[PDB]
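Here's the structure we're looking at; comments come further down.
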Amino acid sequence: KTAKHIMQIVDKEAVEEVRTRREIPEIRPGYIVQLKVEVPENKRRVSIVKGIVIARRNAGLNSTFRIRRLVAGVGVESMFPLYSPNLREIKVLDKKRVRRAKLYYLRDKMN
Amino acid sequence: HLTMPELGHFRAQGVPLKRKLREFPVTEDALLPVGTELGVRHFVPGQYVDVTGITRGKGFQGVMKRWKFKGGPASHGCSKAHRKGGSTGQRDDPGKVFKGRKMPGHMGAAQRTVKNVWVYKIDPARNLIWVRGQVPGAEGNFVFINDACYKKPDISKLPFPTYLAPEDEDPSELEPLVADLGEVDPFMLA
Amino acid sequence: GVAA
Amino acid sequence: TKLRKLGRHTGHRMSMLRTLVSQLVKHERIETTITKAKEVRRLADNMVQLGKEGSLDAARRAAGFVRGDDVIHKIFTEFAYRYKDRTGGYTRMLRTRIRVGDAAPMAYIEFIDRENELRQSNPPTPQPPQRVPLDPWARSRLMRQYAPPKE
Amino acid sequence: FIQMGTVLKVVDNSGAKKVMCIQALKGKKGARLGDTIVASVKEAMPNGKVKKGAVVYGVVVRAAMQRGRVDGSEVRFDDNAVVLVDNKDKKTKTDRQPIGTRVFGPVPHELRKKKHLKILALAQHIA
Amino acid sequence: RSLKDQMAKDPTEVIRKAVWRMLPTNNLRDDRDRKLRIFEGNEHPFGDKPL
Amino acid sequence: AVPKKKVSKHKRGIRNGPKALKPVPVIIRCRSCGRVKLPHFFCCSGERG
RNA sequence: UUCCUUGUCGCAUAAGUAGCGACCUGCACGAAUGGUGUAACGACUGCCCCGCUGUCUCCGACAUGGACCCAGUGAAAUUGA
RNA sequence: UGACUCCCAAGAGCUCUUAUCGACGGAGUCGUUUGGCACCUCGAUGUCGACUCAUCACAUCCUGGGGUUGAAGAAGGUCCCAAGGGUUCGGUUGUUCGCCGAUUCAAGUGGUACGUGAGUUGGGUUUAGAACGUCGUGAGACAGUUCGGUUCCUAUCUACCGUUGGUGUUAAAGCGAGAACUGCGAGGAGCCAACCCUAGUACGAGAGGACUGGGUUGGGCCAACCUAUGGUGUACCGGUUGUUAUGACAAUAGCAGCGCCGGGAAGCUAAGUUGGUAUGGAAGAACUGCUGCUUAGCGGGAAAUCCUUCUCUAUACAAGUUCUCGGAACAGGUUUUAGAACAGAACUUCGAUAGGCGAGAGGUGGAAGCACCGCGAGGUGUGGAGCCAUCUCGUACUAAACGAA
Ligand SMILES: O=C(N[C@H](CO)[C@H](O)c1ccc([N+](=O)[O-])cc1)C(Cl)Cl
Ligand SMILES: [K+]
Ligand SMILES: [K+]
Ligand SMILES: [K+]
Ligand SMILES: [K+]
Ligand SMILES: [K+]
Ligand SMILES: [K+]
Ligand SMILES: [K+]
Ligand SMILES: [K+]
Ligand SMILES: [K+]
Ligand SMILES: [K+]
Ligand SMILES: [K+]
Ligand SMILES: [K+]
Ligand SMILES: [Mg+2]
Ligand SMILES: [Mg+2]
Ligand SMILES: [Mg+2]
Ligand SMILES: [Mg+2]
Ligand SMILES: [Mg+2]
Ligand SMILES: [Mg+2]
Ligand SMILES: [Mg+2]
Ligand SMILES: [Mg+2]
Ligand SMILES: [Mg+2]
Ligand SMILES: [Mg+2]
Ligand SMILES: [Mg+2]
Ligand SMILES: [Mg+2]
Ligand SMILES: [Mg+2]
Ligand SMILES: [Mg+2]
Ligand SMILES: [Mg+2]
Ligand SMILES: [Mg+2]
Ligand SMILES: [Mg+2]
Ligand SMILES: [Mg+2]
Ligand SMILES: [Mg+2]
Ligand SMILES: [Mg+2]
Ligand SMILES: [Mg+2]
Ligand SMILES: [Mg+2]
Ligand SMILES: [Mg+2]
Ligand SMILES: [Mg+2]
Ligand SMILES: [Mg+2]
Ligand SMILES: [Mg+2]
Ligand SMILES: [Mg+2]
Ligand SMILES: [Mg+2]
Ligand SMILES: [Mg+2]
Ligand SMILES: [Mg+2]
Ligand SMILES: [Mg+2]
Ligand SMILES: [Mg+2]
Ligand SMILES: [Mg+2]
Ligand SMILES: [Mg+2]
Ligand SMILES: [Mg+2]
Ligand SMILES: [Mg+2]
Ligand SMILES: [Mg+2]
Ligand SMILES: [Mg+2]
Ligand SMILES: [Mg+2]
Ligand SMILES: [Mg+2]
Ligand SMILES: [Mg+2]
Ligand SMILES: [Mg+2]
Ligand SMILES: [Mg+2]
Ligand SMILES: [Mg+2]
Ligand SMILES: [Mg+2]
Ligand SMILES: [Mg+2]
Ligand SMILES: [Mg+2]
Ligand SMILES: [Mg+2]
Ligand SMILES: [Zn+2]
């Protein structure tokens, strides 16, 4: 019990420390987002990713979210840690109405 | 919480009552008097340590979980021998089962040591240490940390026999120390 | 032959 | 919480628990096996909490669990008046004997703070408000102590 | 995992359109994204550099199994797709010449680490 | 293990093994083995006994 | 599989040795109702119940 | 129905002692102990393709009944010591 | 008979017997081939191949160290030393064997009842049915072909894998217990490839192309972990079909063996993530050199041997050491990170061990009631609403010493 309490204190402090340095908006399923992603494996290459949020998970500093987009005719799904420092800029463009929290039916739905 | 012999042992040694005890072999020049308080600054960030603990228990387990056996097929006629071990020896010379034969039994909850595990960060205000990777044991249990034998640390940098903290010290002014990674970027020289 |  | 299976599948287990809680409310004290009582006490406290809330949604949620009209009326009037100032723990479970026939350890389970109860219970005390806890390190600094002088 | 019996789409102009995988070059369970596979041509264009029935090499540029990165990100496509390279010179176990001249669709970031630099150069969309 | 390594490691075990396999094989063997005290040097504790 | 030989009285007694019963260390009796019981067993509640 | 024999050639496969079509050198086919075909039919015996899948790569989690433990009742083959 | 080794050396190798080979002839070793005998078993020793699980020998397939070459370098040939670790996936075939395809550092040869059916299978052979070819007057026959055809057993003893209970180890209370150790001894781990620098250097006419030394990335194997990812998540959240009940509305409950769909925290798990695949010392195999002068002494020397790193171990009977207690240790109850029972570990009232209660995190996705729009199915607001499988914190209300025991 004391160990889990220590872990929760550590996670709260890490999240609060990141939030005073970067501006990270609230991301929900059904949102349209556009973000700037730097890949350190490919010589720190910076690109722009635009998509629709189909899944989200709140896990403290290790919160995650999923993006499904169509690139060159082919659908690509990418998952990003929310507080990852390689997310330079995050913007929200549109908020589509959904009745689910996970939108995995978009893989088989034609549009 | 303690039985009477342990209460007497602590009262005779003149130390406050503790929960877990361990004994570490040292040399003659590395002894410390009774009552010395040891901190996280005993270790330097950037070095490698060895962690020893009691691993997680799995209970009575079979051969396919214990020793990664293959077992038998799930179809094609096999009858009541899907996850069993198969043969346990040859016939008549030797006429016996050899010692050390792999068989089902109690799994885990034994003591294991993880070598060359890296000290990333040190928080001396709270006496916390961030060590990269996994450590054997359950959460809420005790582990024992020594120096690594494989990647031996630098002699001139370790505090000997330990880090003697000044008595005029306050936890308000202590900032957590991160292990230095250098300056040359790994991801750019690729 | 032989058969069990 | 460890949830017991009691040798039954889901529908049989939940129907037996609902019948047991209804009989406990109806008779105010029942004798059953210790393992059944250890599962009954949680739901028997949950129904009393629903009756203490006493809203329409609580009435619907309690009528979706217990059986009988005497039971639902008793929970929503008499127990709401009786356990109004008590925080939790409305039931008392005491081991009594060993059953002839299968050596099952048996136990009384009853509602507390009434006439003809097994023990005189403590008076209902309001809980003090929430206190901001100390850090584990600040508590470990205060937890240090020496052996008492007797030897 | 891409293994024996996988059918993969071909995304260059080498003249073949579908291949059947034989094995992966390195790895026991199969091929992940960016890995090199040996395949046999199951269907091909009437005019092209590769005919039906040939044994070819390929580099997996799209795979339906998710792949993790060093920051904790994952990437997952929808189908499996390879770009064929030459195998007549078996002395080079490094970056190969692609057979074709154009690469269609998205290409992953792993090719720099796997040293598929010519495929990465001939790529157009990298995702 | 060779005799050279045995003499480098522990020399009294050589004499103990030599005597043990000339003693008869029965239940008195360890009782008679308990009376054989072998010393590497020339100093022994039994100085006050009638040697 | 069948037993190869008959189990003798010596082996039967050695097997049944550790399974014999043992006495109970603590026994409580209520002074009013006179019931002999183990610890943590409820028999009587006192007066003015 | 062919021992030599995984005969030789073609189709098909990355690779086919299998399968299909040929050839004739038929150890040891052959015309009501019927010869050659044949639409429909077959829980008959082979071969190939699509869809589908824990059959497999490579196994994992969960759920009911035994196995485990306590209280009653209480067998079996076997047995020179 | 077979396999392997050795002796002689006509001859081949431009010259040159013995780098590589070797005619005519001989001497052996092994117990794997084909055989010989009929000694055990016919009041039963279940026979081929496959699966699972292995283990030994070395006459070595790869990796390691060397001598010689008809060895410039690279790639080799042959012989000696070496058993530490390995030795692939598929097509036809019942196949062993073998052929083929794609790989690999390599895809070794044999023994263990041609290992292994009270561990699995049952395709072949080898019962009874039926057919073809051939033989026989015929009943029938054919290591000629083809289709079909019951695989039993609850483990007493030895062996092995795990877990416990008793007991010897004088002590001074006929002494009884709690911790912390040392390690006689035993077990485990032992791999390899590609690329880059040294270096386009050595060598070589050129084409080609190193030894040694140091990094990087992968594959195989082994030990652990659950932060994140994925799977499951049967007393969580929602949607919905058939029917029955609460008279109907409203809201629910049972059953369709989670009714069926979409998500799901903890826990478990790999398909995920980490850690190893070392260092130092001693003695030394083939080989290699030094002193001496016939006997020898000495130095260098491998993935091999023994200590060192990891795990167990004082029933280690020469039975070990240190600290402590004497209403001590146990037992009983509430539990758990532990678990078949047992054992371990936490708490046992001057107490947060479990339940309840309150607050928060997390999951689901917008409750009921009311109001507005629409004829209606329905839509919008109050409102990130309502609910609860888990996790944390606060709190003795209930059960643990309510033991005036
Ligand atoms: O007769 C049988 N076995 C005998 C003795 O039991 C013996 O084992 C045996 C086995 C196989 C065999 N054969 O394959 O020709 C001959 C005898 C079996 Cl039929 Cl049980
Ligand atoms: K014929
Ligand atoms: K006819
Ligand atoms: K039929
Ligand atoms: K016989
Ligand atoms: K070699
Ligand atoms: K050589
Ligand atoms: K068998
Ligand atoms: K047998
Ligand atoms: K025996
Ligand atoms: K999970
Ligand atoms: K439901
Ligand atoms: K039914
Ligand atoms: Mg397998
Ligand atoms: Mg399997
Ligand atoms: Mg089955
Ligand atoms: Mg059966
Ligand atoms: Mg945990
Ligand atoms: Mg039962
Ligand atoms: Mg049901
Ligand atoms: Mg002795
Ligand atoms: Mg034939
Ligand atoms: Mg062919
Ligand atoms: Mg066939
Ligand atoms: Mg034909
Ligand atoms: Mg006729
Ligand atoms: Mg005829
Ligand atoms: Mg006819
Ligand atoms: Mg049993
Ligand atoms: Mg005779
Ligand atoms: Mg007999
Ligand atoms: Mg028999
Ligand atoms: Mg040899
Ligand atoms: Mg050379
Ligand atoms: Mg071997
Ligand atoms: Mg096929
Ligand atoms: Mg085969
Ligand atoms: Mg055999
Ligand atoms: Mg064998
Ligand atoms: Mg057998
Ligand atoms: Mg069986
Ligand atoms: Mg058969
Ligand atoms: Mg047959
Ligand atoms: Mg069987
Ligand atoms: Mg030892
Ligand atoms: Mg594992
Ligand atoms: Mg997890
Ligand atoms: Mg988690
Ligand atoms: Mg998940
Ligand atoms: Mg209605
Ligand atoms: Mg019903
Ligand atoms: Mg579901
Ligand atoms: Mg799911
Ligand atoms: Mg020498
Ligand atoms: Mg040496
Ligand atoms: Mg002892
Ligand atoms: Mg106790
Ligand atoms: Mg227990
Ligand atoms: Mg509590
Ligand atoms: Mg939330
Ligand atoms: Mg609702
Ligand atoms: Zn009484």
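Here E:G34 passes the criteria (1) assigned to a loop (DSSP other than H, G, I, E, B); (2) of a type in the set (G, A, S); (3) within 15 Å of the chain's Cα centre (by Cα); (4) more than 14 Å from every other protein chain (Cβ to nearest Cβ) except the one numbered (4). Of everything listed in (1) part of a loop (DSSP other than H, G, I, E, B); (2) within 14 Å of chain B (Cβ to nearest Cβ); (3) among the basic types (K, R), the single unmet condition for A:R97 is (2). Checking G:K37, G:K19 one by one, the residue that is under 16 Å from the mean Cα position of the chain (by Cα) and under 18 Å from D:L94 (Cβ atoms) is G:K37 and no other. Can you spot a residue in the stretch E:81-98 that is surrounded by 13 or more Cβ atoms within 10 Å (Cβ to Cβ), within 16 Å of E:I37 (Cα to Cα) and at the interface with another protein chain (Cβ under 9 Å from one of its Cβ atoms)? Looking for residues that are surrounded by 13 or more Cβ atoms within 10 Å (Cβ to Cβ), within 16 Å of E:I37 (Cα to Cα) and at the interface with another protein chain (Cβ under 9 Å from one of its Cβ atoms), one finds at least one in the stretch E:81-98, hence yes. Is it the case that the stretch B:142-158 has a residue that's within 14 Å of chain A (Cβ to nearest Cβ) and touching a residue at least 12 places away in the same chain (Cβ under 8 Å)? Yes; the residues of the stretch B:142-158 include at least one that is within 14 Å of chain A (Cβ to nearest Cβ) and touching a residue at least 12 places away in the same chain (Cβ under 8 Å).
Considering (1) within 14 Å of chain D (Cβ to nearest Cβ); (2) within 24 Å of B:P166 (Cα to Cα); (3) over 22 Å from the mean Cα position of the chain (by Cα), the lone condition that B:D29 does not fulfil carries the number (1). Listed conditions (1) without any contact (Cβ under 8 Å) to a residue 40 or more places away in the chain; (2) not in a loop (DSSP other than H, G, I, E, B) are all met by B:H106, apart from (1).
Look at (1) at positive phi; (2) in contact (Cβ under 8 Å) with a residue 24 or more places away in the chain; (3) not β-branched (V, I, T) and you find that D:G101 fails only one, number (2). For the stretch D:75-120, filtered to residues that are within 12 Å of chain G (Cβ to nearest Cβ) and part of a loop (DSSP other than H, G, I, E, B), the residue that is surrounded by the fewest Cβ atoms within 10 Å (Cβ to Cβ) is D:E115. A single entry from D:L43, D:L17, D:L6, D:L24 fulfils the requirement of being in contact with a strand residue (DSSP E or B) (Cβ under 6 Å, 6 or more places away or on another chain), away from chain G (no Cβ under 14 Å) and more than 16 Å from ligand 1 (Cβ to nearest atom): D:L24. Within the stretch E:9-29, is there a residue that is within 14 Å of another protein chain (Cβ to nearest Cβ), assigned to a loop (DSSP other than H, G, I, E, B) and either within 22 Å of E:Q124 (Cα to Cα) or touching a residue at least 40 places away in the same chain (Cβ under 8 Å) (or both)? Yes; the residues of the stretch E:9-29 include at least one that is within 14 Å of another protein chain (Cβ to nearest Cβ), assigned to a loop (DSSP other than H, G, I, E, B) and either within 22 Å of E:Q124 (Cα to Cα) or touching a residue at least 40 places away in the same chain (Cβ under 8 Å) (or both). Kindly indicate whether any position in the stretch D:10-33 is touching an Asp or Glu at 6+ places or on another chain (Cβ under 8 Å), surrounded by fewer than 17 Cβ atoms within 10 Å (Cβ to Cβ) and touching a residue at least 60 places away in the same chain (Cβ under 8 Å). Looking through the stretch D:10-33, at least one residue is touching an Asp or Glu at 6+ places or on another chain (Cβ under 8 Å), surrounded by fewer than 17 Cβ atoms within 10 Å (Cβ to Cβ) and touching a residue at least 60 places away in the same chain (Cβ under 8 Å).
When D:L134, D:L142 are checked against the criterion of being within 22 Å of A:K1 (Cα to Cα), within 31 Å of the chain's Cα centre (by Cα) and within 14 Å of chain B (Cβ to nearest Cβ), D:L134 stands alone in meeting it. One residue stands out in the stretch E:99-122 among those that are within 7 Å of chain A (Cβ to nearest Cβ) and more than 13 Å from the chain's Cα centre (by Cα): the one that is surrounded by the fewest Cβ atoms within 10 Å (Cβ to Cβ), namely E:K113. Whether any residue in the stretch B:94-105 is within 16 Å of ligand 1 (Cβ to nearest atom) and surrounded by fewer than 12 Cβ atoms within 10 Å (Cβ to Cβ) is what I want to check. No: the stretch B:94-105 contains no residue that is within 16 Å of ligand 1 (Cβ to nearest atom) and surrounded by fewer than 12 Cβ atoms within 10 Å (Cβ to Cβ). Which residues, counting only those in the stretch G:8-49, are hydrophobic (A, V, I, L, M, F, W, C) and either within 14 Å of chain D (Cβ to nearest Cβ) or surrounded by 10 or more Cβ atoms within 10 Å (Cβ to Cβ) (or both)? Across the stretch G:8-49, the qualifying residues are G:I14, G:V24, G:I27, G:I28, G:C30, G:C33, G:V36, G:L38, G:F41, G:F42, G:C43, G:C44.
Residues in the stretch E:30-68 that are in contact with a strand residue (DSSP E or B) (Cβ under 8 Å, 6 or more places away or on another chain), surrounded by fewer than 19 Cβ atoms within 10 Å (Cβ to Cβ) and of a type in the set (K, R): E:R32, E:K42, E:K51, E:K52, E:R67. For the stretch E:101-115, the set of residues classified as among the charged types (D, E, K, R) and part of a loop (DSSP other than H, G, I, E, B) consists of E:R102, E:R112, E:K113, E:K114, E:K115, listed by residue number.
Please note: Cβ atoms are built from the backbone with ideal geometry, for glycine as well, and neighbour counts cover all protein chains shown. Read the figures in this text as sums done on the coordinates, not as results from a lab.
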